[PDB]
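Presented below is the structure to which this report refers.
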Amino acid sequence: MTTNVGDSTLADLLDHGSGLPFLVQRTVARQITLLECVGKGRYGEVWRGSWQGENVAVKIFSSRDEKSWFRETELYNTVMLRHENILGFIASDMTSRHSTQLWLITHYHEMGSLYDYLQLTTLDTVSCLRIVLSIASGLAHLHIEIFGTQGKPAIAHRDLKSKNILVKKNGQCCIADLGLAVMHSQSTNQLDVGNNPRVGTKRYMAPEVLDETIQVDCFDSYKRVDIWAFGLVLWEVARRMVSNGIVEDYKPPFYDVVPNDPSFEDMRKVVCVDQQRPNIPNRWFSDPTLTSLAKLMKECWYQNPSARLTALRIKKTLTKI
Amino acid sequence: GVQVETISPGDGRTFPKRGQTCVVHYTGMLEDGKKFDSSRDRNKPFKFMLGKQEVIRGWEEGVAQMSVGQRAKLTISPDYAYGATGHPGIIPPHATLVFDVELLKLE
Ligand SMILES: c1ccc2c(-c3coc4cc(-c5ccc(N6CCNCC6)cc5)cnc34)ccnc2c1
Ligand SMILES: [F-]
C-alpha cells in the first residue's frame, strides 16, 4: 500500500473553529485531487475531490460570489458549527494563480442534494421522517443560541431549499450554504447581517420578503423566513412518500403557477396578491404520517409570520410521530 | 520580507531542501500577541513539503534557513503571508504574523 507510518486521516486532523486548524487548512486544500464535477451554477462549481484517498467536496466560487465565500468562511471559522444535520466544514483556501480562486472544502455526500434525491427515489414512513426530522433538527440547531466557549450565536439561513440540503448515507439530511446567514447574540441583542449583494432564491421567498414588509432589524423575522421555506421543503418531501400505492411526481414549489427561474413579480402575484399556497393532496389525510406533515406545512405558511411554528416546535412534533 | 530570530540553535548542518517534508511545532500569533493557531496546544507536529507552496511564502523562506533542531522566531510580512485578503475570521487584512517554529525533523 501507499501508507507510511505517521499518515493521518481527515478525522484525525479535524479533532481540535469548525474545521481543521488554520495552517492545516491550506495544506489539506492544496493536496486535494479533483475527480468529478457534480455541480455548476451562478455560485460557481462543486467538485468531488480526494485527499489521501478520502472523498471531499470542493466548492470553487465565482468572482461575483466572493462575499458568500467570505461569510461562510468567517462563520465556520469563528463559530463552532459541528452537527449531524449541518454540512461539515473542512477547510477554506484561496489561490493567487490559475486570476484568483476561492475554495470551500466540506464533507462529500454521495447521495447529492435533497433536490436530486427526491427526483430519483420514493420514500416510506421511516425514510420520510428521517429526512424531515433531520432538516428540522439542523434548522433548530442553527436558530437556537448556545452559550459558553463551545457555544454558538443564533443563526438564520435565509436561503433554505431542497437544493441546499444534502442527503447523507444514513438517510438523514444536512443543511449547507451559509453564505447568506445572519447571526444574533441575546447577551447584547446585536444582529449581524453582513455585506452580501447576493439575493435569496425567489421561489422560496416568504410573503413578507416579496411585499417588502419584513422587519429587517429583527432577527426573529429571518428565522420565520426559514420556517416558510422549510414548509415548502416539507411539501416537496411528502409528495414522494408512498401511501396506499400512490405517489406524486417530484415538483418544485408552485410548479403549476410560475415558470422556471421565476421573477419577483411572479412570486409577488402568487404569494402576496393571491395568497396562494401549495396544494395538499387529499390522499395524505388517509395516512397518519402525511397528516402530521400536512398540518406542519400549513403552520409554516401563515401570512402573519408570528403565527408560524418554530424550528424547535417542528422537531418535537416529528419526534412524536 | 521574513525575519528569522533564532531562539535555540539546531545542528547547523541539515537545512531543508526542495521536496523534503518539514516536521515542525509552531504557534501562530498576530502582531498584537493574539494567538490564532498552535500545533503545540494539540501536541501534534505539523508537516509540509518544501517547494510545494503548501504554506505561506514567509514560512517557506523562513524554515528553509533553519537547521534541524533549531527553534526560531519568524516575523512574516503580509505580502509574505496572507496579504490584503487574509483569512476571514482568523487573519485580518494586512496582518503581520509572528511564528514560534521549531524544525523537529525532515522526511
Ligand atoms: C450547497 C449544497 C452543497 C454544498 C457542498 C456539497 C457537499 O457535498 C456535496 C455533494 C454534491 C452532489 C450533488 C449531486 C450528486 N449526484 C447527482 C446525480 N446523481 C448522482 C449524484 C453528487 C454530489 C453537491 N454539493 C455538495 C459543498 C459546499 N457548498 C454547498 C452548498
Ligand atoms: F431552485
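Residues in the C-alpha cells are named by chain (A, B, ... in the order shown) and by number from 1 within that chain; ligands are numbered from 1 in the order shown.
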Please extract the residues at most 7 Å from ligand 1, counting only C-alpha atoms and all ligand atoms, and provide them as a compact mmCIF listing (two decimals) with N, CA and C atoms, in the first residue's frame, using the chain letters and residue numbers of this document.
```txt
# COMPACT_ATOMS: atom_id res chain seq x y z
N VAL A 38 -19.67 17.86 -9.90
CA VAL A 38 -21.01 17.45 -9.50
C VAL A 38 -21.99 18.62 -9.44
N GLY A 39 -21.52 19.85 -9.64
CA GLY A 39 -22.41 20.99 -9.62
C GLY A 39 -21.79 22.17 -10.33
N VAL A 46 -19.05 22.87 -8.01
CA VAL A 46 -18.86 21.94 -6.91
C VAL A 46 -18.23 20.68 -7.47
N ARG A 48 -16.30 16.82 -6.68
CA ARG A 48 -15.92 15.73 -5.81
C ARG A 48 -14.40 15.58 -5.87
N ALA A 57 -15.74 17.39 -0.73
CA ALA A 57 -16.45 18.27 -1.64
C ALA A 57 -15.72 19.61 -1.71
N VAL A 58 -15.48 20.08 -2.93
CA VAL A 58 -14.75 21.33 -3.16
C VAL A 58 -15.67 22.27 -3.92
N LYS A 59 -16.06 23.37 -3.27
CA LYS A 59 -16.86 24.42 -3.89
C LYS A 59 -15.94 25.54 -4.34
N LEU A 87 -23.84 20.86 7.18
CA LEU A 87 -22.74 20.41 6.34
C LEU A 87 -21.40 20.58 7.05
N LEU A 104 -13.89 26.30 -0.97
CA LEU A 104 -14.51 25.86 0.27
C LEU A 104 -14.58 24.34 0.24
N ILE A 105 -13.97 23.69 1.23
CA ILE A 105 -13.90 22.24 1.30
C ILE A 105 -14.80 21.77 2.43
N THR A 106 -15.73 20.87 2.10
CA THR A 106 -16.69 20.33 3.06
C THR A 106 -16.71 18.81 2.96
N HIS A 107 -17.54 18.18 3.78
CA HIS A 107 -17.79 16.75 3.62
C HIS A 107 -18.44 16.48 2.27
N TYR A 108 -18.16 15.31 1.72
CA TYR A 108 -18.80 14.87 0.49
C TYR A 108 -19.91 13.88 0.82
N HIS A 109 -21.10 14.13 0.29
CA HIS A 109 -22.26 13.26 0.48
C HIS A 109 -22.68 12.73 -0.88
N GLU A 110 -22.37 11.46 -1.14
CA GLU A 110 -22.52 10.88 -2.47
C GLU A 110 -23.96 10.89 -2.96
N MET A 111 -24.94 10.89 -2.05
CA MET A 111 -26.33 10.90 -2.46
C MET A 111 -26.73 12.23 -3.10
N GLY A 112 -25.93 13.28 -2.92
CA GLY A 112 -26.25 14.56 -3.50
C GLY A 112 -27.24 15.35 -2.66
N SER A 113 -27.84 16.35 -3.30
CA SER A 113 -28.80 17.21 -2.63
C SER A 113 -30.15 16.51 -2.51
N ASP A 116 -32.02 16.46 -5.85
CA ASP A 116 -31.72 15.35 -6.74
C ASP A 116 -32.27 14.04 -6.19
N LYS A 163 -32.32 22.24 -2.66
CA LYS A 163 -31.01 22.22 -3.31
C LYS A 163 -29.88 22.54 -2.35
N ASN A 164 -30.18 23.20 -1.23
CA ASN A 164 -29.19 23.50 -0.20
C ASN A 164 -29.25 22.51 0.96
N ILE A 165 -29.80 21.32 0.72
CA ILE A 165 -29.91 20.27 1.73
C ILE A 165 -29.39 18.99 1.11
N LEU A 166 -28.37 18.40 1.73
CA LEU A 166 -27.71 17.21 1.23
C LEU A 166 -28.19 15.98 1.98
N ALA A 176 -26.69 23.10 4.17
CA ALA A 176 -25.47 23.63 3.58
C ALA A 176 -25.68 25.07 3.14
N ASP A 177 -24.57 25.70 2.72
CA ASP A 177 -24.55 27.06 2.18
C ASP A 177 -24.96 28.10 3.22
```
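For ligand 2, the set of protein, DNA and RNA residues within 10 Å, based on only C-alpha atoms and all ligand atoms, reads residues 115, 159, 160, 161, 162, 163, 164, 200, 201, 202, 203, 204, 252, 253, 260, 261 and 262 of chain A.
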Within 10 Å of residue B:92, counting only C-alpha atoms, which residues qualify if same-chain residues fewer than 3 places away don't, as a PDB file with C-alpha atoms, in the first residue's frame?
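Generated file (around_30.pdb):
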```pdb
ATOM      1  CA  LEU B  30      -0.776  38.295  15.470  1.00  0.00           C
ATOM      2  CA  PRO B  78       1.606  40.497   4.930  1.00  0.00           C
ATOM      3  CA  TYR B  82      -1.955  36.295   3.708  1.00  0.00           C
ATOM      4  CA  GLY B  83      -1.820  39.822   2.250  1.00  0.00           C
ATOM      5  CA  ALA B  84      -4.783  42.144   1.828  1.00  0.00           C
ATOM      6  CA  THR B  85      -7.472  39.449   1.966  1.00  0.00           C
ATOM      7  CA  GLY B  86      -6.154  37.493   4.934  1.00  0.00           C
ATOM      8  CA  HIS B  87      -8.275  34.612   6.163  1.00  0.00           C
ATOM      9  CA  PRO B  88     -11.866  35.562   7.106  1.00  0.00           C
ATOM     10  CA  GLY B  89     -12.355  35.029  10.825  1.00  0.00           C
ATOM     11  CA  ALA B  95      -1.720  41.247   9.194  1.00  0.00           C
ATOM     12  CA  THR B  96       1.924  40.935  10.211  1.00  0.00           C
TER      13      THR B  96
END
```
Considering only C-alpha atoms, return as a list in words whatever protein or nucleic-acid residues lie within 6 Å of stretch 25-35 of chain A, sequence-local ones (same chain, fewer than 6 positions apart) excluded. residues 48, 49, 50, 51, 91 and 93 of chain A; 54 of chain B
Residues within 7 Å of residue B:24, please, as JSON, numbers by chain. Count only C-alpha atoms; anything in the same chain fewer than 5 positions from it doesn't count. {"B": [45, 46, 47, 101, 102, 103, 104]}
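The neighbours of stretch 150-158 of chain A here are the residues that come within 7 Å of it, using only C-alpha atoms and leaving out any residue fewer than 3 positions away in the same chain; they are residues 79, 80, 142, 143, 144, 145, 146, 147, 178, 180, 181, 182, 183, 184, 185, 200, 222, 223, 225 and 226 of chain A.
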Report the closest atom pair, with its distance in Å rounded to one decimal, for each residue of chain A that has an atom no farther than 12 Å from chain B; count only C-alpha atoms, sort by chain and then rising residue number, and write it as JSON lines.
```
{"residue": "A:4", "atom": "CA", "partner": "B:107", "partner_atom": "CA", "distance": 11.3}
{"residue": "A:5", "atom": "CA", "partner": "B:107", "partner_atom": "CA", "distance": 11.4}
{"residue": "A:6", "atom": "CA", "partner": "B:47", "partner_atom": "CA", "distance": 10.1}
{"residue": "A:7", "atom": "CA", "partner": "B:47", "partner_atom": "CA", "distance": 10.4}
{"residue": "A:8", "atom": "CA", "partner": "B:44", "partner_atom": "CA", "distance": 10.7}
{"residue": "A:12", "atom": "CA", "partner": "B:44", "partner_atom": "CA", "distance": 10.2}
{"residue": "A:13", "atom": "CA", "partner": "B:44", "partner_atom": "CA", "distance": 9.2}
{"residue": "A:14", "atom": "CA", "partner": "B:42", "partner_atom": "CA", "distance": 11.2}
{"residue": "A:15", "atom": "CA", "partner": "B:42", "partner_atom": "CA", "distance": 9.2}
{"residue": "A:16", "atom": "CA", "partner": "B:42", "partner_atom": "CA", "distance": 7.1}
{"residue": "A:17", "atom": "CA", "partner": "B:89", "partner_atom": "CA", "distance": 8.9}
{"residue": "A:18", "atom": "CA", "partner": "B:89", "partner_atom": "CA", "distance": 11.4}
{"residue": "A:20", "atom": "CA", "partner": "B:37", "partner_atom": "CA", "distance": 10.5}
{"residue": "A:21", "atom": "CA", "partner": "B:37", "partner_atom": "CA", "distance": 6.8}
{"residue": "A:22", "atom": "CA", "partner": "B:37", "partner_atom": "CA", "distance": 6.3}
{"residue": "A:23", "atom": "CA", "partner": "B:55", "partner_atom": "CA", "distance": 7.3}
{"residue": "A:24", "atom": "CA", "partner": "B:46", "partner_atom": "CA", "distance": 7.8}
{"residue": "A:25", "atom": "CA", "partner": "B:54", "partner_atom": "CA", "distance": 9.7}
{"residue": "A:26", "atom": "CA", "partner": "B:54", "partner_atom": "CA", "distance": 6.4}
{"residue": "A:27", "atom": "CA", "partner": "B:54", "partner_atom": "CA", "distance": 4.9}
{"residue": "A:28", "atom": "CA", "partner": "B:54", "partner_atom": "CA", "distance": 8.3}
{"residue": "A:29", "atom": "CA", "partner": "B:54", "partner_atom": "CA", "distance": 8.6}
{"residue": "A:30", "atom": "CA", "partner": "B:54", "partner_atom": "CA", "distance": 6.5}
{"residue": "A:31", "atom": "CA", "partner": "B:54", "partner_atom": "CA", "distance": 8.1}
{"residue": "A:32", "atom": "CA", "partner": "B:54", "partner_atom": "CA", "distance": 11.5}
{"residue": "A:66", "atom": "CA", "partner": "B:85", "partner_atom": "CA", "distance": 11.2}
{"residue": "A:67", "atom": "CA", "partner": "B:88", "partner_atom": "CA", "distance": 10.6}
{"residue": "A:68", "atom": "CA", "partner": "B:88", "partner_atom": "CA", "distance": 11.4}
{"residue": "A:69", "atom": "CA", "partner": "B:88", "partner_atom": "CA", "distance": 9.2}
{"residue": "A:70", "atom": "CA", "partner": "B:88", "partner_atom": "CA", "distance": 6.1}
{"residue": "A:71", "atom": "CA", "partner": "B:88", "partner_atom": "CA", "distance": 7.8}
{"residue": "A:72", "atom": "CA", "partner": "B:88", "partner_atom": "CA", "distance": 8.9}
{"residue": "A:73", "atom": "CA", "partner": "B:88", "partner_atom": "CA", "distance": 6.0}
{"residue": "A:74", "atom": "CA", "partner": "B:89", "partner_atom": "CA", "distance": 4.5}
{"residue": "A:75", "atom": "CA", "partner": "B:89", "partner_atom": "CA", "distance": 7.3}
{"residue": "A:76", "atom": "CA", "partner": "B:89", "partner_atom": "CA", "distance": 8.3}
{"residue": "A:77", "atom": "CA", "partner": "B:89", "partner_atom": "CA", "distance": 5.6}
{"residue": "A:78", "atom": "CA", "partner": "B:89", "partner_atom": "CA", "distance": 5.6}
{"residue": "A:79", "atom": "CA", "partner": "B:89", "partner_atom": "CA", "distance": 9.2}
{"residue": "A:91", "atom": "CA", "partner": "B:87", "partner_atom": "CA", "distance": 11.1}
{"residue": "A:92", "atom": "CA", "partner": "B:87", "partner_atom": "CA", "distance": 8.6}
{"residue": "A:93", "atom": "CA", "partner": "B:87", "partner_atom": "CA", "distance": 8.2}
{"residue": "A:94", "atom": "CA", "partner": "B:87", "partner_atom": "CA", "distance": 8.7}
{"residue": "A:95", "atom": "CA", "partner": "B:53", "partner_atom": "CA", "distance": 10.2}
{"residue": "A:96", "atom": "CA", "partner": "B:82", "partner_atom": "CA", "distance": 10.6}
{"residue": "A:97", "atom": "CA", "partner": "B:53", "partner_atom": "CA", "distance": 11.5}
{"residue": "A:100", "atom": "CA", "partner": "B:85", "partner_atom": "CA", "distance": 11.2}
{"residue": "A:102", "atom": "CA", "partner": "B:87", "partner_atom": "CA", "distance": 11.2}
{"residue": "A:103", "atom": "CA", "partner": "B:87", "partner_atom": "CA", "distance": 11.9}
```
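In this structure, atom CA of residue B:31 sits 13.6 Å away from atom CA of residue B:2.
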Could you name the residues that touch stretch 131-140 of chain A at 7 Å or less, counting only C-alpha atoms, but leaving out those on the same chain fewer than 2 positions away, as a PyMOL selection string? chain A and resi 85-86+127-129+142-144+171-175+234+311-312+314-315+318
Residues of chain B in helix (DSSP H, G or I) according to DSSP, as number ranges by chain? B: 57-63, 78-80
Output the selection as a compact mmCIF listing (two decimals), in the first residue's frame - N, CA, C and O atoms for each residue.
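Now in again.txt:
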```
# COMPACT_ATOMS: atom_id res chain seq x y z
N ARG B 57 4.51 32.13 1.94
CA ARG B 57 5.86 32.33 1.42
C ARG B 57 6.86 32.62 2.54
O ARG B 57 8.01 32.17 2.47
N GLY B 58 6.44 33.35 3.57
CA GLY B 58 7.33 33.61 4.69
C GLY B 58 7.69 32.36 5.46
O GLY B 58 8.80 32.25 5.99
N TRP B 59 6.77 31.40 5.53
CA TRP B 59 7.08 30.14 6.20
C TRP B 59 8.11 29.34 5.42
O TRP B 59 9.06 28.81 6.00
N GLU B 60 7.94 29.25 4.10
CA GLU B 60 8.88 28.51 3.27
C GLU B 60 10.28 29.10 3.37
O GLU B 60 11.23 28.41 3.76
N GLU B 61 10.42 30.38 3.03
CA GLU B 61 11.74 31.01 3.04
C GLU B 61 12.32 31.12 4.44
O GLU B 61 13.55 31.21 4.58
N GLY B 62 11.49 31.09 5.48
CA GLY B 62 11.97 31.14 6.84
C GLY B 62 12.44 29.80 7.35
O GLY B 62 13.51 29.69 7.96
N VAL B 63 11.64 28.75 7.11
CA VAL B 63 12.02 27.41 7.53
C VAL B 63 13.21 26.91 6.72
O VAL B 63 14.04 26.14 7.22
N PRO B 78 2.84 40.86 5.65
CA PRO B 78 1.61 40.50 4.93
C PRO B 78 1.83 40.01 3.51
O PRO B 78 1.18 39.05 3.08
N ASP B 79 2.73 40.65 2.76
CA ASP B 79 2.99 40.21 1.39
C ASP B 79 3.67 38.84 1.35
O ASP B 79 3.59 38.16 0.32
N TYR B 80 4.34 38.44 2.43
CA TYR B 80 4.86 37.09 2.57
C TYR B 80 3.88 36.17 3.28
O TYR B 80 4.19 34.98 3.46
```
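Atom CA of residue A:122 sits 14.9 Å away from atom CA of residue A:289.
Proximity ranking of B:14, B:21, B:67, B:6 relative to residue B:107 places B:21 first, based on only C-alpha atoms.
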Strand (DSSP E) positions in stretch 47-181 of chain A, given as a compact mmCIF listing (two decimals) with N, CA and C atoms, in the first residue's frame:
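Ended up saving to selection16.txt:
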```txt
# COMPACT_ATOMS: atom_id res chain seq x y z
N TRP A 47 -17.10 20.27 -6.89
CA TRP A 47 -16.34 19.14 -7.38
C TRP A 47 -16.21 18.09 -6.29
N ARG A 48 -16.30 16.82 -6.68
CA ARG A 48 -15.92 15.73 -5.81
C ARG A 48 -14.40 15.58 -5.87
N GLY A 49 -13.74 15.72 -4.72
CA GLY A 49 -12.30 15.65 -4.64
C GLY A 49 -11.84 14.49 -3.77
N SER A 50 -10.53 14.40 -3.62
CA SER A 50 -9.92 13.33 -2.84
C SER A 50 -8.69 13.87 -2.12
N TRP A 51 -8.63 13.66 -0.81
CA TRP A 51 -7.43 13.92 -0.02
C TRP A 51 -7.00 12.61 0.62
N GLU A 54 -9.53 9.98 0.55
CA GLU A 54 -10.80 10.26 1.19
C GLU A 54 -11.58 11.26 0.35
N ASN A 55 -12.87 10.98 0.14
CA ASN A 55 -13.71 11.88 -0.63
C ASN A 55 -13.97 13.17 0.13
N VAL A 56 -13.90 14.29 -0.58
CA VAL A 56 -14.26 15.60 -0.06
C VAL A 56 -15.02 16.36 -1.15
N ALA A 57 -15.74 17.39 -0.73
CA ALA A 57 -16.45 18.27 -1.64
C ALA A 57 -15.72 19.61 -1.71
N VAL A 58 -15.48 20.08 -2.93
CA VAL A 58 -14.75 21.33 -3.16
C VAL A 58 -15.67 22.27 -3.92
N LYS A 59 -16.06 23.37 -3.27
CA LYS A 59 -16.86 24.42 -3.89
C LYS A 59 -15.94 25.54 -4.34
N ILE A 60 -15.80 25.71 -5.65
CA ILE A 60 -14.97 26.75 -6.24
C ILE A 60 -15.88 27.90 -6.61
N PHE A 61 -15.78 29.00 -5.87
CA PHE A 61 -16.68 30.13 -6.06
C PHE A 61 -16.30 30.94 -7.29
N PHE A 89 -17.85 21.39 7.71
CA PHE A 89 -16.82 22.23 7.11
C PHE A 89 -15.45 21.64 7.39
N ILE A 90 -14.61 21.57 6.35
CA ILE A 90 -13.26 21.03 6.46
C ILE A 90 -12.21 22.13 6.39
N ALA A 91 -12.22 22.92 5.31
CA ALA A 91 -11.21 23.95 5.14
C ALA A 91 -11.69 24.97 4.12
N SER A 92 -11.05 26.13 4.15
CA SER A 92 -11.27 27.18 3.16
C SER A 92 -9.91 27.71 2.73
N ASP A 93 -9.77 28.00 1.44
CA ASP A 93 -8.47 28.38 0.90
C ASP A 93 -8.67 29.29 -0.31
N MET A 94 -7.64 30.08 -0.59
CA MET A 94 -7.62 30.96 -1.75
C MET A 94 -6.26 30.86 -2.42
N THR A 95 -6.26 30.86 -3.75
CA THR A 95 -5.04 30.81 -4.54
C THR A 95 -4.95 32.04 -5.44
N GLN A 101 -8.71 32.26 -7.15
CA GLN A 101 -9.68 31.18 -6.96
C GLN A 101 -9.98 31.05 -5.47
N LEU A 102 -11.27 30.95 -5.14
CA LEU A 102 -11.73 30.81 -3.76
C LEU A 102 -12.33 29.43 -3.57
N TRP A 103 -11.82 28.69 -2.58
CA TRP A 103 -12.18 27.30 -2.36
C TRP A 103 -12.84 27.12 -1.00
N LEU A 104 -13.89 26.30 -0.97
CA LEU A 104 -14.51 25.86 0.27
C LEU A 104 -14.58 24.34 0.24
N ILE A 105 -13.97 23.69 1.23
CA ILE A 105 -13.90 22.24 1.30
C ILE A 105 -14.80 21.77 2.43
N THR A 106 -15.73 20.87 2.10
CA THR A 106 -16.69 20.33 3.06
C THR A 106 -16.71 18.81 2.96
N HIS A 107 -17.54 18.18 3.78
CA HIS A 107 -17.79 16.75 3.62
C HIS A 107 -18.44 16.48 2.27
N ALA A 154 -27.22 32.64 17.62
CA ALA A 154 -28.38 32.25 16.84
C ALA A 154 -28.13 32.58 15.37
N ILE A 155 -28.42 31.63 14.49
CA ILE A 155 -28.13 31.76 13.07
C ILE A 155 -29.40 31.50 12.27
N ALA A 156 -29.63 32.33 11.25
CA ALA A 156 -30.70 32.11 10.28
C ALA A 156 -30.08 31.89 8.91
N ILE A 165 -29.80 21.32 0.72
CA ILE A 165 -29.91 20.27 1.73
C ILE A 165 -29.39 18.99 1.11
N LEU A 166 -28.37 18.40 1.73
CA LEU A 166 -27.71 17.21 1.23
C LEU A 166 -28.19 15.98 1.98
N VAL A 167 -28.36 14.88 1.25
CA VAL A 167 -28.78 13.60 1.83
C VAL A 167 -27.54 12.77 2.12
N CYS A 173 -30.44 14.16 6.61
CA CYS A 173 -30.07 15.30 5.79
C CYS A 173 -29.16 16.24 6.58
N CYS A 174 -28.48 17.12 5.85
CA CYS A 174 -27.71 18.18 6.48
C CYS A 174 -27.87 19.46 5.66
N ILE A 175 -27.85 20.59 6.36
CA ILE A 175 -28.07 21.90 5.76
C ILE A 175 -26.73 22.50 5.35
```
